[PDB]
file final-v6.pdb (PDB, C-alpha atoms and all ligand atoms)
ATOM      1  CA  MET A  24     -13.918 -23.465   3.475
ATOM      2  CA  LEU A  25     -11.624 -25.666   1.296
ATOM      3  CA  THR A  26      -8.775 -25.137   3.887
ATOM      4  CA  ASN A  27     -11.113 -26.865   6.406
ATOM      5  CA  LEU A  28     -12.049 -29.754   4.087
ATOM      6  CA  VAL A  29      -8.499 -31.129   4.434
ATOM      7  CA  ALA A  30      -7.295 -29.662   7.748
ATOM      8  CA  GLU A  31      -7.725 -32.957   9.611
ATOM      9  CA  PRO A  32      -5.964 -35.235   7.060
ATOM     10  CA  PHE A  33      -3.069 -32.758   6.880
ATOM     11  CA  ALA A  34      -2.596 -32.892  10.657
ATOM     12  CA  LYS A  35      -2.564 -36.702  10.620
ATOM     13  CA  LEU A  36      -0.097 -36.743   7.718
ATOM     14  CA  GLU A  37       2.376 -34.433   9.438
ATOM     15  CA  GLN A  38       2.035 -36.286  12.748
ATOM     16  CA  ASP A  39       2.886 -39.564  11.011
ATOM     17  CA  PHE A  40       5.805 -37.768   9.332
ATOM     18  CA  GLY A  41       7.064 -36.410  12.658
ATOM     19  CA  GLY A  42       7.464 -32.791  11.616
ATOM     20  CA  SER A  43       5.730 -29.856  10.003
ATOM     21  CA  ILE A  44       4.180 -29.751   6.532
ATOM     22  CA  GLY A  45       3.396 -26.432   4.851
ATOM     23  CA  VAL A  46       1.068 -26.349   1.840
ATOM     24  CA  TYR A  47      -0.505 -23.635  -0.270
ATOM     25  CA  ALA A  48      -2.464 -24.541  -3.382
ATOM     26  CA  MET A  49      -4.288 -22.166  -5.714
ATOM     27  CA  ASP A  50      -6.888 -22.982  -8.370
ATOM     28  CA  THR A  51      -6.167 -20.220 -10.866
ATOM     29  CA  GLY A  52      -9.637 -20.552 -12.387
ATOM     30  CA  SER A  53     -11.913 -19.963  -9.415
ATOM     31  CA  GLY A  54      -9.270 -18.471  -7.135
ATOM     32  CA  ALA A  55     -10.045 -21.131  -4.530
ATOM     33  CA  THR A  56      -7.167 -22.029  -2.228
ATOM     34  CA  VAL A  57      -6.055 -24.728   0.208
ATOM     35  CA  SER A  59      -3.774 -23.683   3.083
ATOM     36  CA  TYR A  60      -1.960 -25.612   5.793
ATOM     37  CA  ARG A  61       0.821 -23.824   7.701
ATOM     38  CA  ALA A  62       0.986 -21.660   4.567
ATOM     39  CA  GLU A  63       2.421 -18.595   6.319
ATOM     40  CA  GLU A  64       5.186 -20.379   8.235
ATOM     41  CA  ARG A  65       8.760 -20.058   7.026
ATOM     42  CA  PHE A  66      10.466 -23.152   5.643
ATOM     43  CA  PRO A  67      14.000 -23.483   4.234
ATOM     44  CA  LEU A  68      14.152 -23.036   0.468
ATOM     45  CA  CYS A  69      16.964 -25.534  -0.123
ATOM     46  CA  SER A  70      17.397 -26.007  -3.884
ATOM     47  CA  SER A  71      13.926 -24.605  -4.611
ATOM     48  CA  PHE A  72      15.482 -21.136  -4.895
ATOM     49  CA  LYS A  73      17.126 -22.305  -8.140
ATOM     50  CA  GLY A  74      13.803 -22.048  -9.969
ATOM     51  CA  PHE A  75      13.433 -18.411  -8.959
ATOM     52  CA  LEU A  76      17.109 -17.939  -9.841
ATOM     53  CA  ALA A  77      16.436 -19.024 -13.440
ATOM     54  CA  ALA A  78      13.390 -16.745 -13.557
ATOM     55  CA  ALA A  79      15.625 -13.862 -12.432
ATOM     56  CA  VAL A  80      18.093 -14.725 -15.214
ATOM     57  CA  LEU A  81      15.238 -14.775 -17.730
ATOM     58  CA  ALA A  82      13.987 -11.433 -16.411
ATOM     59  CA  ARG A  83      17.461  -9.947 -16.883
ATOM     60  CA  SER A  84      17.574 -11.351 -20.422
ATOM     61  CA  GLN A  85      14.532  -9.219 -21.299
ATOM     62  CA  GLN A  86      16.654  -6.038 -21.250
ATOM     63  CA  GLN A  87      20.101  -7.590 -21.834
ATOM     64  CA  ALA A  88      19.952  -9.478 -25.123
ATOM     65  CA  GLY A  89      22.570 -12.173 -25.548
ATOM     66  CA  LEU A  90      22.831 -12.748 -21.793
ATOM     67  CA  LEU A  91      21.489 -16.279 -22.301
ATOM     68  CA  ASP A  92      24.189 -17.035 -24.897
ATOM     69  CA  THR A  93      27.118 -15.772 -22.809
ATOM     70  CA  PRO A  94      29.757 -18.464 -22.168
ATOM     71  CA  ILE A  95      30.823 -18.896 -18.540
ATOM     72  CA  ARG A  96      34.130 -20.576 -17.729
ATOM     73  CA  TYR A  97      34.869 -22.001 -14.307
ATOM     74  CA  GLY A  98      37.502 -23.875 -12.318
ATOM     75  CA  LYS A  99      37.543 -27.099 -10.351
ATOM     76  CA  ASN A 100      36.971 -25.043  -7.209
ATOM     77  CA  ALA A 101      33.490 -24.125  -8.472
ATOM     78  CA  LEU A 102      32.467 -27.804  -8.461
ATOM     79  CA  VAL A 103      30.715 -28.345  -5.137
ATOM     80  CA  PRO A 104      28.779 -31.576  -4.401
ATOM     81  CA  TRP A 105      25.861 -32.388  -6.729
ATOM     82  CA  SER A 106      26.996 -30.626  -9.884
ATOM     83  CA  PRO A 107      26.135 -33.446 -12.310
ATOM     84  CA  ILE A 108      25.977 -31.295 -15.452
ATOM     85  CA  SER A 109      28.613 -28.631 -14.834
ATOM     86  CA  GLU A 110      31.228 -31.245 -13.938
ATOM     87  CA  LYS A 111      30.949 -32.616 -17.507
ATOM     88  CA  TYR A 112      31.701 -29.191 -19.057
ATOM     89  CA  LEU A 113      34.459 -28.100 -16.661
ATOM     90  CA  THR A 114      37.045 -28.171 -19.453
ATOM     91  CA  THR A 115      34.781 -26.279 -21.879
ATOM     92  CA  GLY A 116      32.468 -23.918 -20.000
ATOM     93  CA  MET A 117      28.708 -23.591 -20.422
ATOM     94  CA  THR A 118      26.366 -20.808 -21.462
ATOM     95  CA  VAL A 119      24.142 -18.922 -19.009
ATOM     96  CA  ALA A 120      21.109 -20.679 -20.510
ATOM     97  CA  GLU A 121      22.716 -24.096 -20.078
ATOM     98  CA  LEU A 122      23.634 -23.270 -16.485
ATOM     99  CA  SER A 123      20.037 -22.179 -15.887
ATOM    100  CA  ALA A 124      18.633 -25.390 -17.345
ATOM    101  CA  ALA A 125      21.088 -27.433 -15.262
ATOM    102  CA  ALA A 126      20.159 -25.526 -12.104
ATOM    103  CA  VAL A 127      16.423 -26.047 -12.737
ATOM    104  CA  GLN A 128      16.321 -29.543 -14.259
ATOM    105  CA  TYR A 129      19.201 -31.219 -12.394
ATOM    106  CA  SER A 130      19.470 -28.904  -9.318
ATOM    107  CA  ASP A 131      23.129 -28.394 -10.290
ATOM    108  CA  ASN A 132      24.844 -26.628  -7.377
ATOM    109  CA  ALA A 133      27.871 -25.245  -9.202
ATOM    110  CA  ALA A 134      25.521 -23.912 -11.882
ATOM    111  CA  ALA A 135      23.352 -22.232  -9.260
ATOM    112  CA  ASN A 136      26.360 -20.589  -7.590
ATOM    113  CA  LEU A 137      27.751 -19.347 -10.913
ATOM    114  CA  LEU A 138      24.362 -17.841 -11.791
ATOM    115  CA  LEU A 139      24.058 -16.274  -8.330
ATOM    116  CA  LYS A 140      27.419 -14.626  -8.994
ATOM    117  CA  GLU A 141      26.123 -13.084 -12.233
ATOM    118  CA  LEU A 142      23.040 -11.642 -10.484
ATOM    119  CA  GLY A 143      24.880 -10.100  -7.531
ATOM    120  CA  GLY A 144      24.613 -12.943  -5.023
ATOM    121  CA  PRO A 145      21.775 -13.805  -2.639
ATOM    122  CA  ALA A 146      20.803 -10.148  -2.164
ATOM    123  CA  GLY A 147      20.400  -9.769  -5.928
ATOM    124  CA  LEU A 148      17.985 -12.688  -6.153
ATOM    125  CA  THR A 149      16.117 -11.350  -3.115
ATOM    126  CA  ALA A 150      15.912  -7.980  -4.886
ATOM    127  CA  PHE A 151      14.344  -9.656  -7.920
ATOM    128  CA  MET A 152      11.731 -11.303  -5.713
ATOM    129  CA  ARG A 153      10.923  -7.946  -4.101
ATOM    130  CA  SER A 154      10.542  -6.500  -7.611
ATOM    131  CA  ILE A 155       7.672  -8.916  -8.348
ATOM    132  CA  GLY A 156       5.932  -8.172  -5.037
ATOM    133  CA  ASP A 157       7.285 -11.002  -2.850
ATOM    134  CA  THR A 158       8.126  -9.537   0.572
ATOM    135  CA  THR A 159       8.624 -12.933   2.267
ATOM    136  CA  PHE A 160      11.372 -14.616   0.213
ATOM    137  CA  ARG A 161      14.907 -14.204   1.452
ATOM    138  CA  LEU A 162      18.118 -15.766   0.193
ATOM    139  CA  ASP A 163      21.132 -15.100   2.374
ATOM    140  CA  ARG A 164      23.801 -17.696   1.524
ATOM    141  CA  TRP A 165      25.227 -19.818  -1.316
ATOM    142  CA  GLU A 166      25.277 -23.547  -2.006
ATOM    143  CA  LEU A 167      25.753 -25.517   0.067
ATOM    144  CA  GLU A 168      25.807 -23.346   3.210
ATOM    145  CA  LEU A 169      22.145 -22.419   2.669
ATOM    146  CA  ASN A 170      21.147 -26.039   3.470
ATOM    147  CA  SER A 171      21.664 -25.721   7.253
ATOM    148  CA  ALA A 172      17.871 -25.565   7.841
ATOM    149  CA  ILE A 173      18.342 -24.523  11.483
ATOM    150  CA  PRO A 174      15.050 -24.462  13.458
ATOM    151  CA  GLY A 175      13.841 -20.885  13.822
ATOM    152  CA  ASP A 176      16.439 -19.449  11.408
ATOM    153  CA  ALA A 177      14.828 -17.178   8.813
ATOM    154  CA  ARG A 178      17.866 -17.158   6.503
ATOM    155  CA  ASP A 179      17.240 -18.792   3.124
ATOM    156  CA  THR A 180      13.507 -19.311   3.713
ATOM    157  CA  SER A 181      10.126 -18.375   2.375
ATOM    158  CA  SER A 182       6.537 -19.420   3.057
ATOM    159  CA  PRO A 183       4.441 -21.838   0.977
ATOM    160  CA  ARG A 184       1.969 -19.059   0.184
ATOM    161  CA  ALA A 185       4.667 -16.640  -1.001
ATOM    162  CA  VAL A 186       6.323 -19.355  -3.093
ATOM    163  CA  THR A 187       3.007 -20.178  -4.760
ATOM    164  CA  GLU A 188       2.108 -16.527  -5.327
ATOM    165  CA  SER A 189       5.510 -15.796  -6.883
ATOM    166  CA  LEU A 190       5.424 -18.971  -8.969
ATOM    167  CA  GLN A 191       1.998 -17.984 -10.312
ATOM    168  CA  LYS A 192       3.257 -14.521 -11.278
ATOM    169  CA  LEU A 193       6.292 -15.923 -13.093
ATOM    170  CA  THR A 194       4.664 -18.853 -14.921
ATOM    171  CA  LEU A 195       1.098 -17.646 -15.569
ATOM    172  CA  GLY A 196       0.985 -13.914 -14.766
ATOM    173  CA  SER A 197       2.813 -10.924 -16.194
ATOM    174  CA  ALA A 198       6.081 -10.907 -14.224
ATOM    175  CA  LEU A 199       7.961 -12.200 -17.286
ATOM    176  CA  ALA A 200       7.385 -11.409 -20.939
ATOM    177  CA  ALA A 201       5.616 -14.130 -22.922
ATOM    178  CA  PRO A 202       8.726 -15.791 -24.476
ATOM    179  CA  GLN A 203      10.646 -15.756 -21.188
ATOM    180  CA  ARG A 204       7.608 -17.083 -19.320
ATOM    181  CA  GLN A 205       7.309 -20.030 -21.715
ATOM    182  CA  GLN A 206      11.026 -20.748 -21.348
ATOM    183  CA  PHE A 207      10.633 -20.827 -17.562
ATOM    184  CA  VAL A 208       7.658 -23.190 -17.839
ATOM    185  CA  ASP A 209       9.618 -25.368 -20.269
ATOM    186  CA  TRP A 210      12.549 -25.654 -17.850
ATOM    187  CA  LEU A 211      10.241 -26.613 -14.972
ATOM    188  CA  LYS A 212       8.436 -29.110 -17.214
ATOM    189  CA  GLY A 213      11.775 -30.784 -17.980
ATOM    190  CA  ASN A 214      12.856 -31.152 -14.360
ATOM    191  CA  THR A 215      14.317 -34.604 -13.674
ATOM    192  CA  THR A 216      14.546 -34.499  -9.860
ATOM    193  CA  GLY A 217      10.872 -34.457  -8.868
ATOM    194  CA  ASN A 218       9.397 -37.753 -10.045
ATOM    195  CA  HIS A 219       8.586 -38.863  -6.493
ATOM    196  CA  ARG A 220       7.148 -35.586  -5.212
ATOM    197  CA  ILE A 221       4.260 -33.481  -6.595
ATOM    198  CA  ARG A 222       4.492 -35.354  -9.930
ATOM    199  CA  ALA A 223       3.736 -38.614  -8.120
ATOM    200  CA  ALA A 224       0.336 -37.059  -7.293
ATOM    201  CA  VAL A 225      -0.454 -35.890 -10.852
ATOM    202  CA  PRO A 226      -2.082 -38.047 -13.582
ATOM    203  CA  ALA A 227       0.012 -38.870 -16.637
ATOM    204  CA  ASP A 228      -2.146 -36.848 -19.032
ATOM    205  CA  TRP A 229      -1.638 -33.582 -17.124
ATOM    206  CA  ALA A 230       1.291 -31.293 -17.795
ATOM    207  CA  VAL A 231       3.414 -30.389 -14.761
ATOM    208  CA  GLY A 232       6.542 -28.349 -14.144
ATOM    209  CA  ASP A 233       8.260 -28.392 -10.778
ATOM    210  CA  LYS A 234      11.362 -27.498  -8.805
ATOM    211  CA  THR A 235      12.533 -29.570  -5.827
ATOM    212  CA  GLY A 236      14.637 -28.777  -2.779
ATOM    213  CA  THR A 237      16.374 -31.122  -0.319
ATOM    214  CA  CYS A 238      18.393 -29.701   2.567
ATOM    215  CA  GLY A 239      19.508 -33.104   3.898
ATOM    216  CA  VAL A 240      18.947 -32.281   7.591
ATOM    217  CA  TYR A 241      16.023 -31.462   9.879
ATOM    218  CA  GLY A 242      13.644 -33.504   7.712
ATOM    219  CA  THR A 243      13.667 -30.547   5.323
ATOM    220  CA  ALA A 244      12.621 -30.964   1.685
ATOM    221  CA  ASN A 245      10.106 -29.410  -0.657
ATOM    222  CA  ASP A 246       8.679 -29.087  -4.155
ATOM    223  CA  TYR A 247       6.643 -26.462  -5.951
ATOM    224  CA  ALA A 248       4.760 -26.963  -9.169
ATOM    225  CA  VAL A 249       2.391 -25.674 -11.779
ATOM    226  CA  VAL A 250      -0.069 -28.371 -12.868
ATOM    227  CA  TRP A 251      -2.219 -28.138 -16.007
ATOM    228  CA  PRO A 252      -5.181 -30.515 -15.622
ATOM    229  CA  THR A 254      -7.061 -31.140 -18.807
ATOM    230  CA  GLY A 255     -10.299 -29.195 -19.154
ATOM    231  CA  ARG A 256      -9.732 -26.705 -16.326
ATOM    232  CA  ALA A 257      -7.455 -23.855 -15.297
ATOM    233  CA  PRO A 258      -3.963 -24.603 -13.958
ATOM    234  CA  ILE A 259      -3.174 -25.236 -10.307
ATOM    235  CA  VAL A 260      -0.140 -23.747  -8.565
ATOM    236  CA  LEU A 261       1.051 -25.343  -5.358
ATOM    237  CA  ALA A 262       3.954 -25.502  -2.938
ATOM    238  CA  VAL A 263       4.730 -28.279  -0.459
ATOM    239  CA  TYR A 264       7.458 -27.686   2.149
ATOM    240  CA  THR A 265       8.509 -29.854   5.090
ATOM    241  CA  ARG A 266      10.782 -29.641   8.107
ATOM    242  CA  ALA A 267      11.255 -31.517  11.375
ATOM    243  CA  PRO A 268      12.627 -30.705  14.842
ATOM    244  CA  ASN A 269      15.769 -32.896  14.983
ATOM    245  CA  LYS A 270      18.863 -32.561  12.810
ATOM    246  CA  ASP A 271      18.907 -36.315  12.092
ATOM    247  CA  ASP A 272      15.235 -36.463  11.067
ATOM    248  CA  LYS A 273      14.943 -37.644   7.469
ATOM    249  CA  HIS A 274      12.819 -36.003   4.829
ATOM    250  CA  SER A 275      10.185 -38.041   3.016
ATOM    251  CA  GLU A 276       9.327 -37.730  -0.662
ATOM    252  CA  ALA A 277       6.246 -39.880  -0.067
ATOM    253  CA  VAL A 278       4.989 -37.325   2.456
ATOM    254  CA  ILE A 279       5.437 -34.553  -0.114
ATOM    255  CA  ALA A 280       3.457 -36.548  -2.681
ATOM    256  CA  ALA A 281       0.766 -37.333  -0.098
ATOM    257  CA  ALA A 282       0.450 -33.650   0.838
ATOM    258  CA  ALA A 283       0.119 -32.698  -2.833
ATOM    259  CA  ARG A 284      -2.635 -35.313  -3.251
ATOM    260  CA  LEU A 285      -4.558 -33.832  -0.314
ATOM    261  CA  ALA A 286      -4.168 -30.306  -1.698
ATOM    262  CA  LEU A 287      -5.549 -31.406  -5.066
ATOM    263  CA  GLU A 288      -8.364 -33.326  -3.369
ATOM    264  CA  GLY A 289      -9.196 -30.198  -1.372
ATOM    265  CA  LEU A 290      -9.411 -28.123  -4.548
ATOM    266  CA  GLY A 291     -11.771 -30.711  -6.022
ATOM    267  CA  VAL A 292      -9.264 -31.681  -8.696
ATOM    268  CA  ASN A 293     -10.118 -35.238  -9.714
ATOM    269  CA  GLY A 294      -7.048 -37.398 -10.241
TER     270      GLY A 294
HETATM  271  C1  LIG B 301      30.929 -19.081  -7.927
HETATM  272  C2  LIG B 301      30.864 -18.614  -6.496
HETATM  273  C3  LIG B 301      31.008 -17.300  -6.083
HETATM  274  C4  LIG B 301      30.903 -17.038  -4.720
HETATM  275 BR1  LIG B 301      31.053 -15.234  -4.128
HETATM  276  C5  LIG B 301      30.679 -18.057  -3.801
HETATM  277  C6  LIG B 301      30.529 -17.956  -2.384
HETATM  278  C7  LIG B 301      30.652 -16.740  -1.595
HETATM  279  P1  LIG B 301      32.104 -17.340  -0.605
HETATM  280  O1  LIG B 301      31.700 -17.905   0.717
HETATM  281  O2  LIG B 301      32.900 -18.366  -1.314
HETATM  282  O3  LIG B 301      32.915 -16.103  -0.463
HETATM  283  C8  LIG B 301      30.326 -19.158  -1.630
HETATM  284  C9  LIG B 301      30.234 -20.363  -2.291
HETATM  285  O4  LIG B 301      30.027 -21.631  -1.697
HETATM  286  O5  LIG B 301      30.352 -20.330  -3.486
HETATM  287  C10 LIG B 301      30.563 -19.307  -4.252
HETATM  288  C11 LIG B 301      30.662 -19.602  -5.585
HETATM  289  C1  LIG B 302      18.640 -10.274 -10.189
HETATM  290  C2  LIG B 302      17.651  -9.158 -10.437
HETATM  291  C3  LIG B 302      16.989  -9.061 -11.628
HETATM  292  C4  LIG B 302      16.120  -8.023 -11.782
HETATM  293 BR1  LIG B 302      15.196  -7.903 -13.400
HETATM  294  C5  LIG B 302      15.871  -7.073 -10.814
HETATM  295  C6  LIG B 302      14.954  -5.965 -10.927
HETATM  296  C7  LIG B 302      14.107  -5.478 -12.076
HETATM  297  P1  LIG B 302      14.950  -3.839 -12.560
HETATM  298  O1  LIG B 302      14.011  -2.692 -12.423
HETATM  299  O2  LIG B 302      16.229  -3.663 -11.794
HETATM  300  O3  LIG B 302      15.368  -3.806 -13.996
HETATM  301  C8  LIG B 302      14.893  -5.124  -9.819
HETATM  302  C9  LIG B 302      15.623  -5.384  -8.724
HETATM  303  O4  LIG B 302      15.523  -4.499  -7.647
HETATM  304  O5  LIG B 302      16.392  -6.371  -8.695
HETATM  305  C10 LIG B 302      16.551  -7.200  -9.666
HETATM  306  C11 LIG B 302      17.435  -8.231  -9.455
HETATM  307  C1  LIG B 303      24.016 -32.810  -1.675
HETATM  308  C2  LIG B 303      22.655 -32.928  -2.352
HETATM  309  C3  LIG B 303      22.318 -32.007  -3.299
HETATM  310  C4  LIG B 303      21.121 -32.046  -3.948
HETATM  311 BR1  LIG B 303      20.916 -30.646  -5.157
HETATM  312  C5  LIG B 303      20.193 -33.065  -3.638
HETATM  313  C6  LIG B 303      18.895 -33.248  -4.232
HETATM  314  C7  LIG B 303      18.342 -32.387  -5.302
HETATM  315  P1  LIG B 303      17.064 -31.217  -4.698
HETATM  316  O1  LIG B 303      15.971 -31.989  -4.165
HETATM  317  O2  LIG B 303      17.763 -30.311  -3.686
HETATM  318  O3  LIG B 303      16.660 -30.426  -5.727
HETATM  319  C8  LIG B 303      18.150 -34.333  -3.791
HETATM  320  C9  LIG B 303      18.626 -35.133  -2.822
HETATM  321  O4  LIG B 303      17.926 -36.187  -2.342
HETATM  322  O5  LIG B 303      19.763 -34.924  -2.318
HETATM  323  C10 LIG B 303      20.539 -33.961  -2.687
HETATM  324  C11 LIG B 303      21.776 -33.921  -2.038
END

call {"tool": "encode", "arguments": {"input": "final-v6.pdb", "output": "structure tokens"}}
result
Amino acid sequence: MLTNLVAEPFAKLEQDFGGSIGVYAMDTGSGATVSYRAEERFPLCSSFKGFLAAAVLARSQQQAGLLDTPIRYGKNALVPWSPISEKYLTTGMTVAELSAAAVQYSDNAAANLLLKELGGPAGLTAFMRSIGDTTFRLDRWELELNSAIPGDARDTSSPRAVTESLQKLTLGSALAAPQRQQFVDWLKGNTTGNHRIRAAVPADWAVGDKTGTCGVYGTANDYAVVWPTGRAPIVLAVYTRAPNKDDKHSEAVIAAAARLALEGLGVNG
């Protein structure tokens, strides 16, 4: 029913974009949903870093002091787009600071160092299985996971699975209350998503998000929890990809898809 209210505008939006758009949006009050290509796999790109921080927070529930552990690293850890960790190369950073940098600045060195602590891509995948997500898979590290090859299931999930897992971690019971609020707070402080889902959200609504940009195959994404005033929160995921390696992603398309999802849910804004 709501999936059909916006099916036609979604098709026109993705045809103008020149690729595929995948959207799943959930109104946590009524349970109403909007779907468009919601079961197709899309590359995660940096969006896995949000789930990575949730996995760290989950581990901190039964390993006190994990968040305060100092991590030291060498120049060889600094891969492109490590804007925070490059400033602390000579000092180290704590696990919590690496997690905040991974979430709020998409810091690649920070993400790789945290992946190391959790047992690599299989360890993060294992965490996702532990919360009931059978779709998510991480296979590689930054930046190899950005290849976004058409048809390749490595380092992908579906918009529906991303939304379902995000709901469990931010609003459900997958994390304990203090860890859940810390995860929400990190997403709320993200600096990389101002032109994506946030561009669709009114100023007086709270929003936390995590972005991903593979840099090839028109592949980019964003997922978010949105707290409209006066109603229950909305969880949504917007993923894109395109057939040609040189196709460019579009933040404006991500924002436009988020607007249609919110319009479909009847969320005025
Ligand atoms: C910190 C760290 C640890 C590892 Br175990 C890797 C790997 C696996 P490898 O391909 O180097 O063996 C790839 C990478 O880009 O970064 C890492 C960063
Ligand atoms: C990285 C990570 C963190 C956790 Br918190 C798990 C859990 C929950 P646990 O029962 O091991 O304590 C299960 C799992 O299979 O993988 C994980 C991976
Ligand atoms: C090499 C590189 C790494 C990142 Br980490 C980005 C991001 C951040 P994200 O969207 O992946 O979170 C945005 C971007 O436009 O280009 C990038 C290029």

call {"tool": "closest_residue", "arguments": {"input": "final-v6.pdb", "among": "A:105, A:60, A:97, A:160", "to": "residue 180 (chain A)", "atoms": "all atoms listed in the file"}}
result
A:160

call {"tool": "closest_residue", "arguments": {"input": "final-v6.pdb", "among": "A:74, A:198, A:85, A:258", "to": "residue 290 (chain A)", "atoms": "all atoms listed in the file"}}
result
A:258

call {"tool": "resolve_selection", "arguments": {"input": "final-v6.pdb", "expression": "the PyMOL selection byres (((not hetatm)) within 9 of (chain B and resi 302))", "output": "list in words"}}
result
residues 76, 78, 79, 80, 81, 82, 83, 84, 85, 86, 139, 141, 142, 143, 144, 145, 146, 147, 148, 149, 150, 151, 152, 153, 154 and 155 of chain A

call {"tool": "residues_near_ligand", "arguments": {"input": "final-v6.pdb", "ligand": "ligand LIG 301 (chain B)", "cutoff": "8 Å", "atoms": "only C-alpha atoms and all ligand atoms", "output": "ChimeraX atom specification"}}
result
/A:101,103,133,136-140,144,164-168

call {"tool": "resolve_selection", "arguments": {"input": "final-v6.pdb", "expression": "the PyMOL selection byres (((chain A and resi 246) around 10) and not hetatm)", "output": "PyMOL selection string"}}
result
chain A and resi 68-71+183+216-217+220-222+233-237+244-245+247-248+261-265+276+279-280+283

call {"tool": "residues_around", "arguments": {"input": "final-v6.pdb", "residues": "region 120-122 of chain A", "least_positions_apart": "3", "cutoff": "6 Å", "atoms": "all atoms listed in the file", "output": "PyMOL selection string"}}
result
chain A and resi 91+125+134

call {"tool": "residues_around", "arguments": {"input": "final-v6.pdb", "residues": "residue 260 (chain A)", "least_positions_apart": "5", "cutoff": "9 Å", "atoms": "only C-alpha atoms", "output": "ChimeraX atom specification"}}
result
/A:47-51,187-188,190-191,247-251
